[PDB]
Amino acid sequence: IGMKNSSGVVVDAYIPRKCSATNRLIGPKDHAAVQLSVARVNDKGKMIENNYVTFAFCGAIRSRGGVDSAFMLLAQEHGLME
Amino acid sequence: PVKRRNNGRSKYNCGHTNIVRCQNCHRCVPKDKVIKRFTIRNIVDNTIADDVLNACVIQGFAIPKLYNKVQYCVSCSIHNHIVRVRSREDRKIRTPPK
Amino acid sequence: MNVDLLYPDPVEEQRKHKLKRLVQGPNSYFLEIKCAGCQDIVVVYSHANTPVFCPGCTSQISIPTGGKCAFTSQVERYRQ
Amino acid sequence: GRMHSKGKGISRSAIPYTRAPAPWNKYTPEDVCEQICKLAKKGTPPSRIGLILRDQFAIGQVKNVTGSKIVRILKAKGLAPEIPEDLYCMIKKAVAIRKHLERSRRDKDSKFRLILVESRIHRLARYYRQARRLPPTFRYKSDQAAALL
Amino acid sequence: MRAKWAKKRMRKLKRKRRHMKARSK
Amino acid sequence: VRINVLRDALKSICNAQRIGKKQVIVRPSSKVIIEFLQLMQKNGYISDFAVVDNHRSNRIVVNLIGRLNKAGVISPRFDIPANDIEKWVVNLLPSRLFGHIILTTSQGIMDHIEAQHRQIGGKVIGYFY
Amino acid sequence: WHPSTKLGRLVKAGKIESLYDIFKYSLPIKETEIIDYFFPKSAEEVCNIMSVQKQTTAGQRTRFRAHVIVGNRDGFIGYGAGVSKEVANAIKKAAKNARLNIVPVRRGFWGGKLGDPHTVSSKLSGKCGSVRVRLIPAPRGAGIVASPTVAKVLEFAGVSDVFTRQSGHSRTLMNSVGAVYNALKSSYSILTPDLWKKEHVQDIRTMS
Amino acid sequence: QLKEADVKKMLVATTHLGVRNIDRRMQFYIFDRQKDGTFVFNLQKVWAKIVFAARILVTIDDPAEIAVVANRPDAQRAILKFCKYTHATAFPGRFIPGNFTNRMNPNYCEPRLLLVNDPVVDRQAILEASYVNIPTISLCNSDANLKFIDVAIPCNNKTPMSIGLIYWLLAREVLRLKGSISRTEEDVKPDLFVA
RNA sequence: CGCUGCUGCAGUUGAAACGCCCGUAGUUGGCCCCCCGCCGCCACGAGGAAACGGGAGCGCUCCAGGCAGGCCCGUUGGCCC
RNA sequence: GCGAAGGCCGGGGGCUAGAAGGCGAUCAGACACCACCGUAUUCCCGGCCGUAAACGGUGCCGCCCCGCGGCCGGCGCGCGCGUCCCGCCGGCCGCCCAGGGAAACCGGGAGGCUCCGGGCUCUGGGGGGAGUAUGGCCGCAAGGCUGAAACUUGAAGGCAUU
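Residues numbered from 1 in each chain as written, not as in the entry; some residues may be left out. Chains lettered and ligands numbered in written order. Part of a larger assembly, values for the part shown. Heavy atoms only, no water. Residues with missing side-chain atoms left out of burial classes, pairs and counts.

- Method of structure determination, per the deposited record: cryo-EM was used for this entry, reaching 3.4 Å resolution.

This is how it looks when you write it as structure tokens:
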């Protein structure tokens, strides 16, 4: 990722996360944006497995209210929780 | 500024409405903008209703009601307190209050 | 639900207008129907507005309507 | 949008994807072409010839069953309308409003509809004259329209 | 209605002016 | 009347991205819109585009990955000299390195960067960044 | 320094470091101390001060409005606004707000890609009231081509090359400065093909 | 993972019956309509919601950092029982404007993730949570705005028995998913949660 | 001065949508055939005055200049418009 | 070609209101408002006129565009089945998330526009002078349509807030 310089080393600086659902860069002042994590579980003795898939949703997505449907959809297509 | 979306009138899909006159002022007012409060009252006041009801020699006749649609011009309505000047916030309310 | 486009729901497509659809298609069909006098089946449009006469009883079997043609005599159902 | 009105409506006809003849239908191209020819003997207009084939016979689409449209069948037999039906139907309407106007001189609304209908007859005639489906000599006037119908 | 009253005043001047031009033809 | 098919298609593409949807349907299919989508797909702005056969004028379902900011059409198709393919770049797109103007040329409908190397000039179809 | 917000505690702790990692997580900063901890820059300039009045039974009541732009000379810009009955107090509120809204600037190349980033990363657009601003990437020799107020914001930003176009009542400094700030603030949310690749313990607020 | 005889659990809860107005965002969770007008949710979709809220819940490391809010009087006993089982801070009645955006608010708080009983009267909590990057998880009936609500749980929210039960099913799973309590076994009847 | 707006203005209330409808010029036209004929189009050609402008070389003491100069490409005075 | 009202012309008609006129009360003065009487008018037929805050102060055709309603006219679906229910198309609308805008607000646009280019017409370019002068065309007239300049001036105006 990053804006590479002619020498082949990224110059840029901080790299913003992109919202999982709509791929709009989460901006520095996107205070509304949140990045919750869903816990994978074992077959039986369901327990936190020490690794959480990480999912980001920007505030514009949040305002639409689409995050809840997109979040459910995101797990089912990606498997993971659903 | 435009005070009301309605424009003070209920004209929708029309260019002209039938004129009516203020009952008090006699100003010609398009039917859409008239205040139009219908009233169903009693032929005599309640204070006289008891005495008239006792007076009648007929077996079961109630004081017969009077039905009139009062239509008022805007000025006649605000002066006679039929309608009140409200705040920009409450101006939107449409339900008959009180 | 992951329901998407290019492969859409048939029931959902029917409710949508014939031309506002991925493929604009007829909303009308042909009807196999059987008259009281004659047991042979006459194929008729579902929305015939034309006066249509039975091949048997002289009177027309088609009553024209705003949508689907109503019938006056005996009725069969579902053309095959 | 309607040419002469501020009205928007869509009530079209949706031809099927299949351009091939239906299985239940038992009419050969000659069988329906014969019906088209006898319907021309009755004088029925091609819009009605197409409707009659659709409902009394089961040929909902003529071009699917045959290889050509009703007027192509007629033109091959040289039995097509001399004045294309669309113009002719407008001309009937223009004379019908004009007849009513002769009795009533105060129907300004009726007069207005005449200007719109007449304007279509002129517009369709210029296209028909350019295509040569109409003789170039043809002119729709108005007073002489009664004879033209 | 000062605009409607200005137009009427303009008209009663233009008619006077039109009369004056007519005296000299 | 529907004079510019491309404009309607590209505004629908950009409106669907602004809400954020995975598939959009374009009401009229034109071989020029199909080529425009292809140039964008090769560059990676968009994904698969599917042309449903209406048997009338056809439709297109374009899959949106979410990376397109503004895609537009310059109407009238104006005539761009080769010594002006650079003038259009600064007026229309953001940064010389990012963004693509498609211009039709006798050689074909190609992005400006390719045309600039070929030393050719054509007629602009539209800007996708 | 007494920290209050989780970030304020972590910054003093050294658990959370570099403003760039708080901007990545897009979190608000509620204490100017966090900006002071990150930046030991010895640049803060008050861009104009304006007297404002409210008619009352007495008459006009004068308060002053001050706008201060503070910028680490390269990569982060902050513009802040504040009010009070005396100008000095208002300048403090505006300057503490200016730090409490310090934002990153992407800074890319006009096309001379080689060493240091010299220009805005793409066309930058900002709108405050009527004022609408466009910052255009420019060749290295060509400098900051802008009006003296919007040029100060660009120096404090450290964008060496920029062609700026300002349209509106640009005479309103609050709006002109705001519009350039808005353009620079959104520089880090526009997708470019170089950020098209994809990607809990790493999270900044995960620390608990 | 719906079990056997919900008739004495979620169907006894009346969690399925929702409201007479349906939001577009709640259409998937809802199924059929009764002639009187009520819309009835689908219970396995609510099980897939119960475990899903639990997944975000077992992600946060300190449960007291997670908070839970309600303004509904019937809700008070339920949130408190949820506070007794999982150790999560309570926010009874008014959330208080500026609780999350004013340091000078005497109770300035910063919950890692928020839980709101409904977007009907616990709406301020969802608005403020947006300003400070705080996720929102909420139980929702059919007429529910999902604006700023990151995850939603179809939940009657009308019956006190339904509000309490939703929480008991939710509370059991988060303890079972952390593993702190046993899982997949034969405990309190949610009647303690309901008031 | 984007207060003339091709780029690039504005017209609900700041100035400004004709009261409406038909309508000729004018302007604008859905999708559609891979292969050429004429277009426009675009690329590069020739061929076209210098001055000027841009530009090569050159210390008029610097300079505005001027084509000079140095034992020298066929020493220059190119080349672009 | 049509085009409210007022007006005009040649006839009919003439109840009601009622420009003008007259009048009683006012008030410093009202000749005005208010009361009373009242001519043109109102109304009809045959022509003129060509104007209105002729308004949604929003040209026309085309596209996508977010929910939740009401009404309206067709059409179809379900069910035992009722002017029920769900849709579809077309019209009238309310509220509105984004989006936009100087805001008011608009969102069936005033959105998809400084990130500025779907097509066509019309109009504006600080305030006045002035919609005047003059010429033209048109009308019986009233006037309509077109339409300046000399000259004067630092604001006029929009929408918000105390």
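1. Quick look at the overall build of chain C
- If you tally the helices and strands in chain C, you get one helix and four strands.
- In chain C, the order of α-helices and β-strands from amino to carboxyl end is α-β-β-β-β.
- The globule rule puts the C-alpha radius of gyration for 80 residues at 12 Å, and the 17 Å found for chain C is more than 25% above it.
- The dimensions of chain C, computed from C-alpha atoms along their principal axes, are 55 × 25 × 15 Å.
- With 80 residues in all, chain C has 29% of them scored as buried.
- Sequence-distant contacts in chain C: of pairs separated by 6 or more residues, those separated by 24 or more amount to 29%.
- Per element, the accessible surface of chain C, about 5,200 Å² overall, is 57% carbon and sulfur. (Helix = DSSP H or I, 4+ residues; strand = E, 2+ residues; numbered from the N terminus. Rg over C-alpha atoms; globule rule 2.2 N^0.38 Å. Buried < 20%, exposed > 50% of the residue type's maximum accessible area, 1.4 Å probe, protein only. Contact = heavy atoms within 4.5 Å. Areas by Shrake-Rupley, 256 points an atom, 1.4 Å probe, with all protein chains shown as cover.)

2. Considerations on the interface of chain H and chain A
- Facing 32 residues of chain H, the contacting portion of chain A comprises 30 residues.
- Together, the buried faces of chain H and chain A total about 2,600 Å²; carbon and sulfur atoms form 56% of this surface.
- Linking chain H with chain A are one salt bridge, by the criterion used here.
- Note that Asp150 of chain H and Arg62 of chain A form a salt bridge whose closest N and O atoms lie 2.9 Å from each other.
- Along the contact surface separating chain H from chain A lie 14 residue pairs in polar contact.
- Those elements that provide at least two residues to the side of chain H that touches chain A are α2 (43-59), α4 (123-131), β7 (151-154) and α5 (160-178) of chain H. (Buried area = accessible area lost by both parts, 1.4 Å probe. Salt bridge = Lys/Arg side-chain N within 4 Å of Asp/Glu carboxyl O. Polar contact = N/O pair within 3.5 Å; in protein donor to acceptor, adjacent residues only side chain to side chain.)

3. Re empty space enclosed by the protein
- In this structure, the largest cavity occupies an estimated 250 Å³ of space.
- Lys6, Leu7, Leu27 and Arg205 of chain G together with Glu110 of chain H are, among the 16 residues lining the largest cavity, the residues nearest its centre.
- Considering only enclosed or pocket space, the second largest cavity measures out at about 70 Å³ in volume.
- What lines the second largest cavity is simply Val89, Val90, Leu93, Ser95 and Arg96 of chain F together with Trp110, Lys123, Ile136 and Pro137 of chain G.
- Looking at the lining of the second largest cavity residue by residue, the classes come out as six nonpolar, one polar and two charged. (1 Å grid on protein atoms, 1.4 Å probe; cavity = no way out; pocket = protein on both sides within 12 Å on 5 of 7 lines; lining within 4 Å. Points joined across faces, edges and corners; volume = space filled by probe spheres on them. Nonpolar A, V, L, I, M, F, W, Y, C, P; charged D, E, K, R; others polar.)

4. Points about the side chain of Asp30 of chain A
- Examined against the element boundaries, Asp30 of chain A turns out to sit in the segment before β1 (37-41).
- Buried charge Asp30 of chain A goes without a salt bridge, the closest partner of opposite sign being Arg17 of chain A at 7.6 Å.
- A distance of 3.2 Å separates a polar atom in the side chain of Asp30 of chain A from the backbone nitrogen of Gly59 of chain A.
- In this view, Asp30 of chain A contacts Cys58 and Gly59 of chain A, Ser26 of chain G together with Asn133 of chain H; residues no more than four positions away in its chain are not counted. (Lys, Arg positive; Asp, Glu negative; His and termini not counted.)

5. Remarks on the state of the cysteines
- Here the structure, examined in full by the defined rule, presents three disulfides over all chains.
- For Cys73 of chain B, the disulfide goes to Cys76 of chain B, at an S-S distance of 2.1 Å. On the S-S bond that ties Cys73 of chain B to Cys76 of chain B, the torsion sits near 115°, and the link is right-handed.
- Note on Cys28 of chain B: no disulfide assigned, nearest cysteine sulfur contributed by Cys22 of chain B at a separation of 11 Å.
- Residue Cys28 of chain B is classed as partly exposed on the basis of its relative accessible area of 47%.
- You can see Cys54 of chain C has no disulfide; the closest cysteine sulfur is in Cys35 of chain C, sitting 3.5 Å from it. (Disulfide = S-S within 2.5 Å.)

6. Some points on the packing of helix α2 (residues 66-78) of chain A against α2 of chain H
- Where α2 of chain A meets α2 of chain H, the closest approach of the two axes is 12 Å, and the angle between their N-to-C directions is 90°. As far as their axial angle goes, α2 of chain H and α2 of chain A are roughly perpendicular. Contact with α2 of chain A, carried on its side by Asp68, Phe71 and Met72 of chain A, involves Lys45, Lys49, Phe52 and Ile56 of chain H of α2 of chain H and no other residues of that element.
- For the contact of α2 of chain A with α2 of chain H, the residue count by class is four nonpolar, no polar and three charged. (Axes fitted to C-alpha atoms, helices over the stretch in contact; angles between N-to-C directions. Parallel < 35°, antiparallel > 145°, perpendicular 65-115°, else oblique.)

7. Some points on helix α2 (residues 31-43) of chain F
Residue and element names in this part refer to chain F.
- With 13 residues, α2 extends 19 Å from end C-alpha to end C-alpha; this agrees with the ideal 18 Å at 1.5 Å per step.
- When we look at burial in α2, the residues that qualify are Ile33, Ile34, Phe36, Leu37, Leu39 and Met40.
- At the N-terminal end of α2, a side-chain oxygen is found 2.9 Å from the backbone nitrogen of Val32, two or three residues along, and the residue is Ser30.
- Looking one or two residues past α2, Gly44 carries a phi angle of roughly 95°, positive in sign. (Expected span 1.5 Å × (residues − 1).)

8. Focus: a nonpolar patch on the surface
- A cluster of nonpolar side chains, contributed by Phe38, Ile40 and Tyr67 of chain B, occupies part of the molecular surface with about 350 Å² of accessible area.
- In this structure, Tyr67 of chain B sits in strand β4 (residues 65-70). (Patch = residues over 30% accessible without salt bridge, like charges linked within 9 Å, V, L, I, M, F, W, Y side chains within 5 Å.)

9. Looking at the environment of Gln76 of chain H
Residue and element names in this part refer to chain H.
- Within the element layout of this structure, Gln76 appears in helix α3 (residues 73-85).
- Beyond its immediate chain neighbours, meaning those up to four positions away, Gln76 contacts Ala70, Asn71, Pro92 and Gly93.
- Among the polar contacts made by the side chain of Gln76, one reaches the main-chain carbonyl oxygen of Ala70 at a distance of 3.5 Å.

10. As for the interface of chain A and chain F
- Between chain A and chain F, the contact holds four residues from the first and five residues from the second.
- For the pair chain A and chain F, the summed buried surface comes to about 310 Å²; carbon and sulfur atoms form 30% of the total.
- Ranking the residues of chain A by area buried against chain F places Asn23, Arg24 and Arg64 of chain A at the top, with a combined share of 82%.
- Where chain A touches chain F, the interface holds zero salt bridges.

11. Some thoughts on the protein's contact with RNA strand J
- Close to RNA strand J lie 64 residues, the nearest being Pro1 of chain B, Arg15 of chain C, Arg11 of chain E, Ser75 of chain F together with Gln55 of chain G.
- Counting only atoms of RNA strand J within 4 Å of the protein, the sugar-phosphate share comes to 84%.
- For RNA strand J, a phosphate oxygen lies 3.2 Å from a polar atom in the side chain of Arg106 of chain D.
- A distance of 2.8 Å separates a sugar or linking oxygen of RNA strand J from a polar backbone atom of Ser75 of chain F.
- Mapped onto the surface near RNA strand J, the elements with two or more residues apiece are α6 (108-131) of chain D, α1 (2-23) of chain E, α1 (5-19) and α3 (85-92) of chain F together with β5 (124-128) and β6 (131-136) of chain G.
- By residue class, the composition of the surface near RNA strand J is 17 nonpolar, 16 polar and 31 charged. (Near = heavy atom within 4 Å.)

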